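Asker: One structure, pasted below without further comment.
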6 protein chains.
Amino acid sequence: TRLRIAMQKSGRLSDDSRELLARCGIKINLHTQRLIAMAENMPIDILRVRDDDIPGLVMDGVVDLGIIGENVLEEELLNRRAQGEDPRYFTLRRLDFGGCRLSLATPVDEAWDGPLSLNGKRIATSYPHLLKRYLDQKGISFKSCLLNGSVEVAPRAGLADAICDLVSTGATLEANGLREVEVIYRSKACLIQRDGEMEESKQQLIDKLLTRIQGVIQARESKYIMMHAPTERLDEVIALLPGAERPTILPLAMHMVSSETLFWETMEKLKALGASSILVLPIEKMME
Amino acid sequence: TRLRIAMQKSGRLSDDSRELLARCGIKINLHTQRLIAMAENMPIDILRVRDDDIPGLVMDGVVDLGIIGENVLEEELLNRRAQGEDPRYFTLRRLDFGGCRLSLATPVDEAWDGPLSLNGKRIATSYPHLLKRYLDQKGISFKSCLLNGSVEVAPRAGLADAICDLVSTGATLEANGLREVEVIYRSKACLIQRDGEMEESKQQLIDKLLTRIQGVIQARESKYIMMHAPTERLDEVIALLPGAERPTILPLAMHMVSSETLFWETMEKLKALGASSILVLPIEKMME
Amino acid sequence: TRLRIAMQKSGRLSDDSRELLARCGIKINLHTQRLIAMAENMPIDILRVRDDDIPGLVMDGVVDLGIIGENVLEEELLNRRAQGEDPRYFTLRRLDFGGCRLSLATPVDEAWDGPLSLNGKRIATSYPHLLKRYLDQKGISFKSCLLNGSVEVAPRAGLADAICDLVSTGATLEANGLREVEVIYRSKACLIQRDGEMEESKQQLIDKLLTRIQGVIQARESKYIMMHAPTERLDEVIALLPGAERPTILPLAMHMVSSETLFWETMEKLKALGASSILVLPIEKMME
Amino acid sequence: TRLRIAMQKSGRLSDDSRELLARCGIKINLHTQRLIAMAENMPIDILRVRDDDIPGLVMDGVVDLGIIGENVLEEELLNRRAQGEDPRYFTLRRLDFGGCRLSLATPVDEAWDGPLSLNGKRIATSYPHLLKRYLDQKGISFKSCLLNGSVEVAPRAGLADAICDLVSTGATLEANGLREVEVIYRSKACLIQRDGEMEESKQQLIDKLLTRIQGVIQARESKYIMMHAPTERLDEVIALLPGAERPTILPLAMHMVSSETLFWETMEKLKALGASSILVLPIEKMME
Amino acid sequence: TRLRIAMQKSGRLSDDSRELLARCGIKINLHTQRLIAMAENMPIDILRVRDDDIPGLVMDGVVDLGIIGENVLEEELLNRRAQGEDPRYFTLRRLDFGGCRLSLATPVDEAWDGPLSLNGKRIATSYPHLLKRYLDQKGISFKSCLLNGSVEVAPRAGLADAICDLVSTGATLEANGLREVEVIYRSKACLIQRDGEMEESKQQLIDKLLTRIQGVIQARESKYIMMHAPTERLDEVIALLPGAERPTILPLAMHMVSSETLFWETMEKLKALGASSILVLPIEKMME
Amino acid sequence: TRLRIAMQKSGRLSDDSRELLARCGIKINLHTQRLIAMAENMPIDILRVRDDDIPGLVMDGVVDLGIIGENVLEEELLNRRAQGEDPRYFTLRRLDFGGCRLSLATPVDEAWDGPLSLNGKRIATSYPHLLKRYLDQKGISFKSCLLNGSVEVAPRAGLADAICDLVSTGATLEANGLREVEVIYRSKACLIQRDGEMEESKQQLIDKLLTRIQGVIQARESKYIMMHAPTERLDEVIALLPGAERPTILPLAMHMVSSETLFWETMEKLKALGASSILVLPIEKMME
Ligand SMILES: N=c1c2ncn([C@H]3O[C@H](COP(=O)(O)OP(=O)(O)OP(=O)(O)O)[C@H](O)[C@H]3O)c2ncn1[C@@H]1O[C@H](COP(=O)(O)O)[C@@H](O)[C@H]1O
Ligand SMILES: N=c1c2ncn([C@H]3O[C@H](COP(=O)(O)OP(=O)(O)OP(=O)(O)O)[C@H](O)[C@H]3O)c2ncn1[C@@H]1O[C@H](COP(=O)(O)O)[C@@H](O)[C@H]1O
Ligand SMILES: N=c1c2ncn([C@H]3O[C@H](COP(=O)(O)OP(=O)(O)OP(=O)(O)O)[C@H](O)[C@H]3O)c2ncn1[C@@H]1O[C@H](COP(=O)(O)O)[C@@H](O)[C@H]1O
Ligand SMILES: N=c1c2ncn([C@H]3O[C@H](COP(=O)(O)OP(=O)(O)OP(=O)(O)O)[C@H](O)[C@H]3O)c2ncn1[C@@H]1O[C@H](COP(=O)(O)O)[C@@H](O)[C@H]1O
Ligand SMILES: N=c1c2ncn([C@H]3O[C@H](COP(=O)(O)OP(=O)(O)OP(=O)(O)O)[C@H](O)[C@H]3O)c2ncn1[C@@H]1O[C@H](COP(=O)(O)O)[C@@H](O)[C@H]1O
Ligand SMILES: N=c1c2ncn([C@H]3O[C@H](COP(=O)(O)OP(=O)(O)OP(=O)(O)O)[C@H](O)[C@H]3O)c2ncn1[C@@H]1O[C@H](COP(=O)(O)O)[C@@H](O)[C@H]1O
């Protein structure tokens, strides 16, 4: 009828998802107890749902679009495949937020010599399927011990030999006698489309929105760079700076949009390569 | 080795569970990122875990004691029974907190004539097993639609004909075009014991702790009551006031501990029955 | 149709008004964006409105009951009387909360010799009518300068010679070069009834509710007192302790409910009058 | 003596007004209980007052400058005109903040066919004069029902047939069985000057400050734009981009300051018109 | 001139000190940026100062009364004694709040066999004098390493072999590879009087206030106890219950004020000694 | 072993210090109860300590680098010099944050005619050494009265004739009957290096980090400026705009990085000097 996008009502991803669509010029109020939100201008419905529920909402065709993190998505996918189904979706694109990593962590007072060493041990996790996929590929077998939270109790509680969990600061692990030891999966939010024939009108809108998304992400990653054309050694410049648009050379200088960040290392390289008054300006919005 | 109690790390029940054990004189710090907490005095470990994980922790024998709400507990129990297992636990006792009710709610603009009317409709819930038990008993069949949150989207989103959800204020339902319509399950926290032979020493401690629990709950429900012995009509008094301990009559008056509350209705009854200067004093701690 | 009580949606008085009715056993949810709240049990509607709007809501008969502070109430009353109307209401009773005082305050660096001295000066206030009533009675005339807030700018800003404002801690006045100097009106919340013939059924409910109110207030002001009957000098005791219910004397002692507080002065009087082990116990609920 | 600006002590507008003057380089501390604030550098006094009080403060000449929202301003103006006065002020300029709209809203379950349909109905509002002006112009008459808050009770409470209120998200209306239906007044903060001969010295300062204001607003609305001069179709570019300053064309490109925003529609137009690597950079401060 | 009491402006002790004097019926506003507060009724000044500054304020006679914790007090006392002075104060009384303990803590991975073992090691602390007093008495010498905060870095940073710090939950220590190992000083707030001849009038007030203090503390520690006189074994009761006031025996029972708490152990003792329906009621205020 | 930087665990400076090193690309988690933090990438330890403790940590060689405010640093330096030591450190550089000023303030109701007038008066402060240095240079003598906080009580309490304190808004002073009267010391955070031979490897890192620091500070102070080359009067432009990099002149215009801010005065000067469409763009990162 109109476009149905499903997003996390409340958590890690909901702020960034309200923002993405706001930056794509979607006027809708989310500060409301209401869970399906009609859009003001564009023919769009935002279902505010549990992150957990999004993969399935899309897999089942009950909504058209979903912003969900890869891990939650992939885990449910593997889950159903394991019940014997064949759930199907399109990944429109990987988003620029919701980063996190799933990791093997083990007791601190024990030396770690590779995943092999976990063969036949007991691993407590909330991601049994992501974990199983990983050790399977690696030929390692293990006994799963599932917990939906506080996974870091397992070892010190006699429940498991190691855990596999979401990490970022590393704080909890330490607090719990654990240390990261191998990242097994890195995830970000991504934008997925439902399976099956999608009507010309809402497809055109999916397509429109998508182009805004690329633009919003491009603008916040890309940057405007202004250096000093040390004329001779000029080729060795453009290399460290994957341009895509093409430099602009000036008599008096350089000016180009750089899709990656100027990491300090990359700046130092230009330095001791002979470039000067290097600048980097913010870009607020961009088409391209 | 020592007593293992499992409680909700963080949510609806964790404050009341920290408090119960505090009021039973269990010194342990919970303001710590650590998830298994050693007790200072008593030989006790508090595992701070996901509510979801507690029934199973107990069912599996991985801990000795669990404070968990009935619904979460019962739902997992029915779940495993449905996978064909026979998970076993003792209910030591139903606690005085964590009250909530699971309810059928349906769109506001539709008249409701009993659960029968749901036969063959689609009901969205997080408690498929509690719901299924209920309609099964009632001979009604239905198609389940499961969601782990924001269950109140279902109807207005075309996902279901009605939902079955946790309610208290009724706020969300309204916000979402729904109205409560039949409570199907009322729950409170309760205290459960693991199956199998329990060592004499920790049994003695379970037993000790339990007696404190009764005392803490008794003291906060029970009350000390002081009226005026309208001598003639004296029997019609003790009736509305289930005493258990026995009144105390005085020349000058009444004095007794009342296990229930003095609800206004009960006070008015004594009034127009001829009793005066009715008082009710708090009891802070009690044995009995 | 059913009972309409009007209370402050949000501010100084709304917490205490939610509490009063809660303590009278009125189950209704206020944590809702909804402004007219149906009651669960009792046939009652709570309109959640602006304090400012309550006197008029009652004066006009648009609701049946109102919890409003005296000053806001009285000021609007004087206001309409001044437009020539004759607005009419019943004061059911003065409540035990929302205390505050309206005061004359004047610059700190000026000595104050009575209200007389304000004759013909300019006074800035939000309560022009309460102020006018007061100086009128006192035969003093003055020029009003009205402001709906930040009334304490007036003097230091050249707008007035003194202000008349709500005070409690006295903080703002100081911050603004002012000092209290005469309280002209003390107010509390009170409970008012609409004018005109009130149906037998809702009157009976007004009457019921009222009795609960007296009880709730009595219980939180009154107290249970236990001393030592210094037998000889026994009359000089009951005096400082306005009993209302009558002492109870015991061989071994005293026991009675005291409607006022035991202020330290009153305790010291009993002390150096020869009484010992004086106690004061809380009363949680009372009929009487 | 020195410049007196009156601003909202606390609310919707005070943050933006502290910011405007801060961005104009007015050093003054507002984190103080004090309500008239002397400026450090510039000969300026900030009176921190009730928004309600600002129109009159200016209308009366008691201060020189006021930042106040249009609606509050206009309503008081109409108010006095209705008491027969002729209050006078200069609008220096409409500011870039404090946006909001006053709207007719009516019950959801009733179809709406224009303001005409309100003839002789009862409308509850806090803006009786703004409402009256509007229906008057439209030849519609109605009966006013005034409330200073919680205006959205009126209909569901039997007080009015419709309300006229400040709206933004639309949240409350829904919560209260209402829907927006016609905006009757859009407002922003604006900066007003007192009537009467204004001394050369403070006029020069009003004038100075004003120029800063234009600059601060310009910089946060205007933007720096960098495209690719698709040489042939070059005129069709500058059109969608009201420049004011004049484009800058470069051999290798475009560079100009655009006073409006690049709305997505405007970007898409340039796109399918043949422009590429469109950029938009922030401007922090500008003169011009 | 009038009574000068010095208390902690802001921290661990200021809430309890505002409360003590409030419960003694001292009306004074502390919610003010002002640091010397005049009392409304009683001829009293509250200086709101740094805890650190209180011992000296009293030692020097610059104020009359001080609420300060023992450790801060004692440490400064030892400090001056060590500079060769002879600072003098009266301890009026030890208060019922501000408890905390100073402790030796050492790395977790090292076994601890008494303070002796610290001879000649380096101990980091904020309480060098309290620490020095303690090891001196114990005949142990050591090298001090002083830090005013984050004392728990010392060991893991190579700064010291152990630390001596304020502990309560034990949280930080763990977080920092440390474990408590010996408490060397327990402190509470106390109330101290300045040295030298104290005028009859303010002495009388110190004396008055003091009596209120005892009463406030008594009431919150003491409790009202109601059991069942198991007639025969009646002496073995009063023992576990240090009465001070004397039991009261009744035909039908016991009733007395108990200055200590009914710890669970003490309740269990009465239980298996044959007492029943044990109650404990709060006491809000008491003289005695 | 690896680089040891000491920073304020918690206060005025810790946010800016977490940020500086974050902006220098130092990945380390500070949201941890742990006080010595290992760095992820770079061979670096962050000791999170008391600001008070930093000067000494560096002076003693116990750490290598310290971010500390000048006043705290200088005061401790003078302190030890006064105990007869000769503590030694290198100032690498003054940072762009933590600004504050120490000031003489005296009672409001007293006219101030220079520091001379303080000769032989009593001054209460937390910075006795900074104060003593200042009056010493000025040949004024005085009697110190030391307090570690709430220094603004001193005068109104009879403790001193004036105080010397940290000021910013000026709020407290007013609240306490005081007014600033002479700033005696302005401070910012700065970055200091430990004395003695610093190993080639960590020196190289100090050097690296330092260059990042200059860059981070440069980028947030410096700005990109775009005007209109009013060709004739072109020299009078570059003057008000200390360029350092050199302007860039364009046929059609100006473009340069300006290390200072464009203060309004400086913008107005260009204005009435004939420059137009002045812009100032943010710079996010820069080398140079
Ligand atoms: N560190 C994270 C963390 N980082 C990112 N996220 C994300 O949560 C996602 C991945 O898990 P899911 O979305 O599948 O979670 P879920 O099953 O829906 O859980 P609910 O939202 O339904 O509770 C994202 O896609 C994330 O944004 C995290 N979720 C949880 N944690 C945890 O926080 C912990 C420790 O953090 P540190 O101590 O700081 O390292 C852990 O114990 C964690 O479990
Ligand atoms: N109203 C409740 C509510 N009341 C009580 N509780 C409880 O949550 C419990 C029952 O669900 P579970 O414990 O099984 O929850 P769970 O599966 O562990 O969920 P997580 O804690 O793992 O997220 C308890 O035992 C409760 O204390 C509630 N949990 C959720 N809600 C919800 O809040 C909603 C609406 O409330 P009102 O609008 O105010 O009526 C809903 O939409 C709800 O889902
Ligand atoms: N001190 C009070 C204060 N004390 C009590 N109340 C009450 O506000 C009431 C009396 O004014 P109204 O109810 O008529 O107020 P109103 O016109 O409805 O104002 P709104 O709620 O509509 O904004 C009550 O009945 C109170 O509970 C107060 N309302 C305002 N103040 C003010 O707080 C100030 C200063 O307090 P101190 O510095 O701490 O003394 C002032 O400047 C005041 O105006
Ligand atoms: N939505 C608004 C709203 N939007 C903007 N403002 C503004 O308040 C102004 C217009 O009213 P006034 O300034 O005249 O208010 P006032 O009479 O001084 O009221 P006080 O500040 O004195 O309380 C501005 O100029 C605004 O910034 C608002 N003020 C109130 N509301 C209300 O918030 C409601 C609902 O919001 P939504 O549910 O999110 O749409 C309502 O019920 C409203 O009354
Ligand atoms: N645990 C405490 C603690 N407990 C009580 N207090 C008290 O602080 C007092 C004793 O130190 P002082 O008063 O001498 O402190 P001070 O020198 O004035 O310090 P400032 O107030 O001037 O900062 C009291 O008398 C207390 O109330 C504490 N002060 C500090 N801590 C610390 O909190 C830490 C760890 O707590 P846990 O991890 O929960 O055990 C430590 O690292 C501590 O330093
Ligand atoms: N105004 C300040 C203030 N401004 C900046 N800072 C800083 O605190 C520093 C200077 O003092 P120190 O660092 O030596 O402080 P310290 O001895 O370590 O004190 P602790 O952190 O150990 O408590 C910095 O270098 C600052 O960032 C301030 N510290 C305290 N104040 C005070 O806040 C007051 C009043 O502020 P206004 O009323 O707004 O002017 C005072 O009474 C002050 O004492």
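Numbering starts fresh at 1 for the residues of each chain in the structure tokens, the chains themselves are lettered A, B, ... in the order given, and ligands are numbered from 1 as they appear.
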Extract the full set of strand (DSSP E or B) residues from stretch 9-255 of chain D according to DSSP on the backbone, and format it as a PyMOL selection string.

Answerer: chain D and resi 36-38+44-49+65-69+89-94+100-107+122-125+143-146+162-167+178-187+189-194+223-226+249+254

Asker: What residues of the protein or nucleic acid chains come within 7 Å of ligand 2 when you use only C-alpha atoms and all ligand atoms? Reply as a PyMOL selection string.

Answerer: chain B and resi 11-13+50-52+69-72+98-100+149-152+165-173+187-189

Asker: Counting only C-alpha atoms, which of D:88, D:266, D:287, D:206 gets nearest to chain A?

Answerer: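 Answer, going by the shortest atom-to-atom distance: D:266.
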
Asker: Within 8 Å of residue B:229, counting only C-alpha atoms, which residues show up once you throw out same-chain ones fewer than 6 positions away? Write them as a PyMOL selection string, please.

Answerer: chain B and resi 249-250+253-254+275

Asker: If we count only C-alpha atoms and set the cut-off at 12 Å, which residues sit around residue D:135, ignoring sequence neighbours fewer than 2 positions away in its own chain? Please answer as a CSV table (one decimal) with C-alpha atoms, in the first residue's frame.

Answerer:
```csv
chain,number,residue,atom,x,y,z
D,104,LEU,CA,-7.5,24.1,14.6
D,114,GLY,CA,-13.4,23.7,6.3
D,115,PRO,CA,-13.5,26.4,8.9
D,116,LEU,CA,-17.0,27.5,7.8
D,117,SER,CA,-18.3,24.3,9.5
D,118,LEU,CA,-17.1,25.8,12.9
D,119,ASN,CA,-19.7,28.6,12.7
D,120,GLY,CA,-21.5,28.8,16.1
D,121,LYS,CA,-19.4,26.0,17.7
D,123,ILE,CA,-13.6,26.6,20.5
D,128,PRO,CA,-8.5,33.7,22.0
D,129,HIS,CA,-7.3,36.8,20.2
D,130,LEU,CA,-5.3,35.1,17.5
D,131,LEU,CA,-8.2,32.7,16.9
D,132,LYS,CA,-10.7,35.5,16.9
D,133,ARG,CA,-8.7,37.5,14.4
D,137,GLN,CA,-11.4,37.5,8.7
D,138,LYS,CA,-13.0,34.3,7.5
D,139,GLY,CA,-16.5,35.6,8.5
D,140,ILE,CA,-17.0,32.6,10.8
D,141,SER,CA,-18.4,33.3,14.3
D,142,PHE,CA,-17.9,30.9,17.3
D,143,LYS,CA,-18.0,30.8,21.1
D,144,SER,CA,-14.6,31.0,22.8
D,164,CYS,CA,-7.0,25.8,18.7
D,182,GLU,CA,-5.9,23.8,9.7
D,184,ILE,CA,-4.0,29.3,11.5
D,185,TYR,CA,-0.7,31.0,12.5
```

Asker: Taking only C-alpha atoms into account and nothing else, which residues of chain B lie no more than 10 Å away from chain A? Please answer as a ChimeraX atom specification.

Answerer: /B:4,8-10,32-36,45,47-54,56-57,62-63,146-154,156-159,171-177

Asker: Under the rule that only C-alpha atoms and all ligand atoms are counted, which of D:23, D:212, D:179, D:80 is the nearest residue to ligand 4?

Answerer: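 Among the listed residues, the smallest separation from ligand 4 belongs to D:179.
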
Asker: Write out as a VMD selection string all residues of stretch 30-269 of chain E that DSSP puts in helix (DSSP H, G or I) for this structure's backbone.

Answerer: chain E and resid 51 to 60 70 to 83 115 to 118 128 to 137 151 to 153 155 to 157 171 to 175 200 to 221 235 to 240 264 to 269

Asker: Do a neighbour search on residue F:194 at 10 Å with only C-alpha atoms, toss out local chain neighbours closer than 6 positions, and write the hits as a PyMOL selection string.

Answerer: chain F and resi 55-66+88-92

Asker: Please provide as number ranges by chain all residues within 9 Å of residue B:246, with the sequence filter that same-chain residues fewer than 5 positions apart are discarded (counting only C-alpha atoms).

Answerer: B: 238, 256-257

Asker: Store the residues picked out above, limited to C-alpha atoms, as a CSV table (one decimal), in the first residue's frame.

Answerer:
```
chain,number,residue,atom,x,y,z
B,238,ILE,CA,-12.6,-10.3,64.6
B,256,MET,CA,-3.6,-7.4,67.1
B,257,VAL,CA,-1.4,-8.1,64.1
```

Asker: Just the residues within 12 Å of residue B:205, please, counting only C-alpha atoms, with nothing from its chain fewer than 6 positions along; format it as a list in words.

Answerer: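 The filter keeps residues 2, 3, 4, 5, 24, 26, 42, 43, 44, 64, 65, 198, 199, 211 and 212 of chain B.
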
Asker: Measuring between only C-alpha atoms, which one of F:193, F:231, F:204, F:1 shows the shortest distance to residue F:273?

Answerer: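 Going through F:193, F:231, F:204, F:1 one by one, the smallest distance to residue F:273 is for F:231.
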
Asker: Expressed in Å to a single decimal, how great is the separation between atom CA of residue C:220 and atom CA of residue E:262?

Answerer: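 Separation between atom CA of residue C:220 and atom CA of residue E:262: 26.3 Å.
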
Asker: Measuring between only C-alpha atoms and all ligand atoms, which one of B:28, B:127, B:285, B:79 shows the shortest distance to ligand 5?

Answerer: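 Among the listed residues, B:28 lies closest to ligand 5.
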
Asker: Could you work out how far atom 8 (O, counted along the ligand's line) of ligand 4 lies from atom CA of residue D:124, giving the answer in Å with one decimal?

Answerer: 17.1 Å
